[PDB]
Structure formats: C-alpha cells, structure tokens
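Asks: Take a look at this one; I'll ask things after.
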Amino acid sequence: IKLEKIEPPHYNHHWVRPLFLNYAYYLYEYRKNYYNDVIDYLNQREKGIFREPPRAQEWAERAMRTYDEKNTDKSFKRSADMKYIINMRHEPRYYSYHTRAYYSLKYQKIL
Numbered sequence: 041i042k043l044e045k046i047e048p049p050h051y052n053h054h055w056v057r058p059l060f061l062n063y064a065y066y067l068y069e070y071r072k073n074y075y076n077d078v079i080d081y082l083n084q085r086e087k088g089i090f091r092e093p094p095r096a097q098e099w100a101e102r103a104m105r106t107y108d109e110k111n112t113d114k115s116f117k118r119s120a121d122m123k124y125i126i127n128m129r130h131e132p133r134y135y136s137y138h139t140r141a142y143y144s145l146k147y148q149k150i151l
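Read in order, the letters of the sequence shown are residues 41 to 151 in PDB author numbering.
Written out as structure tokens, the structure reads:
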C-alpha cells in the first residue's frame, strides 16, 4: 500500500505558554436564569404565597428580568419621569376674593 498523503497535524505550541482563564463572570449570570426563576418560584410558592405559574420566557424578557434583579438602585426617579407629567399645582385656587363687612348695624325691622 503506497501513495500516502498527510496533513500537518496538531501544530501544538512548542514554547509552552498555554495559559488559563476563568469564565464565571458571564456563564453564572446566564445559566442561573433558567433554573432560579422557576425554582425561586417553586420554593417561594412552597413557602405559602401564590403568584402566576411559570410562563415560557423569551431571551430578551429574561435578560430584562435579570437586569431588574441586578440594579440594586431601585431608582425612585422613574417616579420623577412620571412627575414630569405630575407636580400638579393650582388645584386649590380661589379666584373668589374676600367678603369684607358692609355692616353698620343696619335694621331691616320685622325680624
């Protein structure tokens, strides 16, 4: 059996330098999403309080929920975004003026 053809194998790095890198920064925050929300609802319901059964969730909505969980700064200035439409004024306006007293002990008699 002749006429063997080979391709360059491996190309393993000869000057060592393999290095390593941890990856828990993103995997944990994304893996945790599927299981926690369900289980965090399963056990919390087991605690004795009810809410909506687990709906199937789409990636963007799950990311939004994780973002809401992460932002510990539960900004009260969303209520500021609303008081852009609020801060109502002049509801207790008067436009009526005072009555004074045009009295000099007038007598209408009878009564």
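C-beta: ideal position from N, C-alpha, C; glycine also.
To the nearest angstrom, how far is the alpha carbon of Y81 from that of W99?
Replies: Near 18 Å, if we compare the C-alpha coordinates of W99 and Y81.
Asks: Taking the straight line between their C-alpha atoms, what separation do you get for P94 and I46?
Replies: Using only the alpha carbons, I get a separation of about 55 Å.
Asks: Pick from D113, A103, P132, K42: whose alpha carbon is nearest that of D77?
Replies: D77 has its Cα closest to that of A103, out of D113, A103, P132, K42.
Asks: Can you tell me the Cβ-Cβ gap for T106 and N73, rounded? I've got them flagged as a contact below 8 Å.
Replies: Their Cβ separation, rounded to whole angstroms, is 6 Å, which keeps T106 and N73 in contact under 8 Å.
Asks: Measure the alpha-carbon distance for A120 versus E109 and round it to whole angstroms.
Replies: Going from the Cα of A120 to the Cα of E109 covers about 21 Å.
Asks: What span of residues does the alpha helix (DSSP H) with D77 cover, start to end?
Replies: Segment 64-87, the alpha helix (DSSP H) holding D77.
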